[PDB]
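Written below as structure tokens is the structure these notes are about.
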Amino acid sequence: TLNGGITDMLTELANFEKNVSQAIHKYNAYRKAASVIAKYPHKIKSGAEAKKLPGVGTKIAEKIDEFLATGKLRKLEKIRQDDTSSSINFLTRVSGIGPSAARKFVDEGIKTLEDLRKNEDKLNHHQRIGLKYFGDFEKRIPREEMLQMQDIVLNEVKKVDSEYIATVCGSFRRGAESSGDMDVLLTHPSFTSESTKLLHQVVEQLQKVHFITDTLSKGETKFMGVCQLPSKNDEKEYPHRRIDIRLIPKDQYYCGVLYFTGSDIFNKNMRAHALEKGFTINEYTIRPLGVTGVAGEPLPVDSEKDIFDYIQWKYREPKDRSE
DNA sequence: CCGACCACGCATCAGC
DNA sequence: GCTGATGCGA
DNA sequence: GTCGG
Ligand code: NA
Ligand code: NA
Ligand code: NA
């Protein structure tokens, strides 16, 4: 209610930049602006007021001035009514259909889910799955269902080999009340950066008990697919969900878990901090920095805490990593 | 003024 | 056939 | 689009 009109406006602008104009950096600029504004504890009264926040520049300030004075933004109103642009933007909501595919589909008259349905031969495997679960994929996942999903994942993984180590990351691990998907990081003592079907066997067991229902992509270290909780007789059917499974070398596992648990703000801050202490932390490792800025060999990591110890930072619970 | 910004593994395309 | 680029959603 | 070297 505070600045929702402003944040929706910026978010909508972001989407058109990404999906229609294919300007990913403007996309992020608008989102960044929208985020900082979403956190501002005051109802913005002018573009000048908003420009004081990091991420809001001259143009977004001008756009806010227009929105506040007229209650709308001419450019956005025009874009919304544009048949071509609104269709391109809409099609990208289908997983598998990015800005490029959406643009090509619209160029040849394919503009709706209905048109996609009757042009199956023009969709790749991923896109067909995205169309099939269009609705389910836009629904969020309540934490209670995420817990039920975790139960199955951890149970089957252990059933395949009790030596596997699996961790469900994402906002879920930080305690979020709802998730958009499930991200499982996996490792095994037999797989390290130096020596090594570890992923395949887990994916297969999950398909055998009918938890995983579809495959978007699958290689030796990353699986992206679809899964669904079993429903009891009578009870309605749970919606299909997106699930990713990543096999990560044991010696890089904890740097992986840290990264994939975030938040993104927390990662940026933790990385920034590390640099201060003379360390460079990435998704895979934490390495010391020489006085001339040269990175040394990766330091041994056997828990998230080790990472924190290295940079002399107190261990913070996942729940307390909002930033 | 003008370049950074920019998760990377897997599916599929463009080219040889 | 293979190699590298591109699209895509992480 | 915004920031900043
Ligand atoms: Na600003
Ligand atoms: Na899409
Ligand atoms: Na090539």
Side-chain angles (χ1 to χ4, degrees), chain A residues 6 9-19 21-37 47 50-64 73 75-76 88 91-105 122-131 133-134 137-138 168-172 179-186 198-200 203 214-226 241-249 252 255-268 270-271 280-285:
Chain A
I6 293 179
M9 171 183 75
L10 298 181
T11 289
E12 209 180 315
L13 285 172
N15 292 328
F16 285 116
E17 288 302 335
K18 171 166 68 80
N19 314 318
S21 296
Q22 302 184 186
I24 188 64
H25 301 301
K26 285 195 182 180
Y27 164 70
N28 297 318
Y30 276 122
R31 286 177 74 201
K32 179 183 180 187
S35 282
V36 64
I37 282 177
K51 188 168 174 181
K52 295 181 181 181
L53 304 175
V56 174
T58 297
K59 306 197 71 176
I60 284 176
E62 305 188 309
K63 279 174 170 56
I64 288 175
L73 184 67
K75 286 185 179 179
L76 196 45
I88 293 178
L91 290 186
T92 63
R93 285 165 59 176
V94 180
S95 183
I97 293 176
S100 181
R103 163 167 274 298
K104 190 172 69 166
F105 280 130
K122 295 177 177 293
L123 276 60
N124 58 37
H125 181 70
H126 184 153
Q127 296 166 334
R128 293 182 188 181
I129 291 171
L131 173 59
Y133 303 120
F134 190 80
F137 285 3
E138 298 199 324
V168 176
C169 302
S171 61
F172 168 74
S179 302
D181 58 34
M182 174 165 275
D183 192 16
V184 185
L185 273 65
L186 181 75
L198 284 183
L199 179 55
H200 178 269
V203 173
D214 303 275
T215 301
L216 294 175
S217 59
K218 177 177 175 296
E220 273 168 39
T221 62
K222 187 181 69 177
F223 169 83
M224 290 175 73
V226 190
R241 313 290 198 186
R242 278 278 295 100
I243 179 178
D244 290 342
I245 301 180
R246 304 160 174 286
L247 181 71
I248 299 177
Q252 296 179 168
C255 273
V257 171
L258 179 69
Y259 177 74
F260 286 101
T261 295
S263 70
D264 299 315
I265 293 179
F266 177 74
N267 293 341
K268 304 163 193 171
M270 186 169 195
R271 297 192 179 310
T280 184
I281 294 178
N282 60 41
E283 183 184 326
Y284 321 102
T285 61

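Below, each value reflects all heavy atoms present in this structure, side chains not excepted, and no hydrogens, waters or symmetry copies. Numbers restart at 1 for each chain; the letters A, B, ... are given by sequence-line order, proteins then strands.
- Contact annotation for A/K222: base contact, defined as any heavy-atom pair under 4.0 Å involving a base atom.
- Separating the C1' atom of B/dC6 from that of D/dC3 is a span of 15 Å, rounded to the nearest Å.
- Taking 4.0 Å as the cutoff to heavy atoms of chain A, we find the contact window on DNA chain C bounded by C/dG7 to C/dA10.
- A donor-acceptor pair under 3.5 Å is formed between the side chain of A/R242 and the backbone N or O of A/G225.
- With contacts defined as side-chain heavy-atom distances shorter than 4.5 Å, the pair A/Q252/A/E283 does not qualify.
- South is the pucker class for the sugar of D/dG1, given a negative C1'-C2'-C3'-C4' value.
- Atom NZ in A/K32 sits about 16 Å away from atom P in B/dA4, given to the nearest Å.
- Nucleic acid contact class of A/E220 (heavy atoms, under 4.0 Å, all strands): sugar-phosphate only.
- Summarising the geometry, the separation between CG on A/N267 and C1' on B/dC6 is reported as 16 Å, rounded to the nearest angstrom.
- Note on A/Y284: only backbone sugar-phosphate atoms sit closer than 4.0 angstrom, heavy atoms only; bases stay farther off.
- Taking atom OH of A/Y27 as the reference point, atom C1' of B/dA7 lies 14 Å away to the nearest angstrom.
- B/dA7 atom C1' lies 13 Å from atom NE2 of A/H25, rounded to whole Å.
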Determine, step by step, whether A/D244 and A/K222 satisfy the salt bridge (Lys or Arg N to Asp or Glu O under 4.0 Å) criterion, reporting the C-alpha distance in whole Å, the side-chain angles of both residues, the deciding distance to 0.1 Å, and the verdict. CA-CA 7 Å; A/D244 290 342; A/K222 187 181 69 177; over 6 Å; no
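- Within the 4.0 angstrom heavy-atom criterion, no nucleotide atom of any strand lies near A/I24.
- At whole-Å resolution of the value, NE2 in A/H125 and P in B/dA11 are 10 Å apart.
- In this structure, A/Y259 reaches the bases: a heavy-atom distance under 4.0 Å links it to at least one base atom across the strands shown.
- Counting non-hydrogen atoms under 4.0 angstrom, A/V36 reaches nothing in the nucleic acid.
- Contacts of A/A101 with the nucleic acid, taken as non-hydrogen atoms under 4.0 Å apart, involve only primed sugar atoms and P, OP1 or OP2.
- Taking atom CE of residue A/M224 and atom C1' of nucleotide B/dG9, one finds them 9 Å apart after rounding to whole Å.
- In this structure a side-chain-to-backbone donor-acceptor pair under 3.5 Å is missing from A/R241 to A/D181.
- In this structure, A/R271 places its CZ atom 16 Å from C1' of B/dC5, rounding to the nearest Å.
- Interface limits on DNA chain D: the 5'-most and 3'-most nucleotides within less than 4.0 Å of chain A heavy atoms are D/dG1 to D/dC3.
- In this structure, A/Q127 contributes its side chain and A/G96 its backbone to a donor-acceptor pair below 3.5 Å.
- Nucleotide B/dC8 holds its P atom 18 Å from the CG atom of A/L247, rounded to whole Å.
- Closest approach of A/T92 and A/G98 over heavy atoms only: CG2-O, 3.7 Å.
- Other residues, nucleotides and ligands place no more than 12 heavy atoms under 6.0 Å from the CZ atom of A/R31.
- Residue contacts for A/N28: at a heavy-atom cut-off of 4.0 Å it reaches no nucleic acid atom on any strand shown.
- Here the closest non-hydrogen pair linking A/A61 and A/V56 is N-CG1, 4.4 Å.
- Taking the P atom of each, C/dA10 and B/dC5 are spaced 24 Å apart, rounded to whole Å.
- Within 6.0 Å of CZ in A/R128 there are more than 12 heavy atoms belonging to other residues, nucleotides or ligands.
- A donor-acceptor pair under 3.5 Å links the side-chain atoms of A/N267 to the main chain of A/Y259, judged by distance alone.
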